[PDB]
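Let's start with one chain on its own, the form deposited in one PDB entry, as structure tokens.
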């Protein structure tokens, strides 16, 4: 109405936006010009930068991460019973975009968390859908959802169990000799 307009703290990065004190904090979390953290699971990489610098950062500092071409692929997590915290990471290239496919194992019983993350903006993320499948002897568990923008992260997603979640007992129904195959399918909508 008539409050004092205090501008965004990312205005010095091109955020030509000025708003009141009551809605400043809530813009800056969902701002386009906010910096992106490293999408890799775990806190080991403390990197930060822009969306355009992410792919470079991944390619330069994370050469170990493999990229498969295809809207429909198989993500084979190997040695799934190695005790302690364990991460699996890969990327999927489809629809002119890169997606990050993560499987986390968190330790009394151990639980698996599997999620897909668009390397792009939030609004870009809403155009897509992903599907994760585990397949066994007359058994099939399937999670489907909208991929998260790396701008959001998976921390709160994983904390809210807002993804494919399953314990090690399930794992054993779908795995052969410490190998779990996750049929990942990305699609548009």
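Positions refer to the first chain, counted from 1.
Note: missing coordinates for residue 105 occur in none of the other compared entries bracketing this position, so the one-third threshold is not reached. Coordinates are lacking for 1 to 3 deposited residues between residue 107 and residue 108. Stretches 78 to 86 and 98 to 106 differ in mean C-alpha B factor, with the higher average recorded for 78 to 86.
Higher average CA B factor: 60 to 68, of the stretches 60 to 68 and 128 to 136. Residue-level inspection of the entry shows that, of 141, 30, 157, 145, 30 has the top Cα B-factor. In this PDB entry, residue 182 carries a Cα temperature factor that places it within the lowest third of its chain's modelled residues. In the PDB entry, a CA B factor belonging to the middle third of its chain's modelled residues is recorded for residue 48. In this PDB entry, residue 35 carries a Cα temperature factor that places it within the highest third of its chain's modelled residues.
Residue 165: CA B factor lies in the lowest third for its chain, per the PDB record.
The same protein also has a form deposited in another entry, omitted here; what follows describes it.
Relative to this form, the distance between the C-alpha atoms of residue 95 and residue 30 is reduced by at least 3 angstroms in that other deposited form. Figure legend: C-alpha atoms of residue 32 and residue 145, shown here, are separated by at least 3 angstroms more in that other deposited form.
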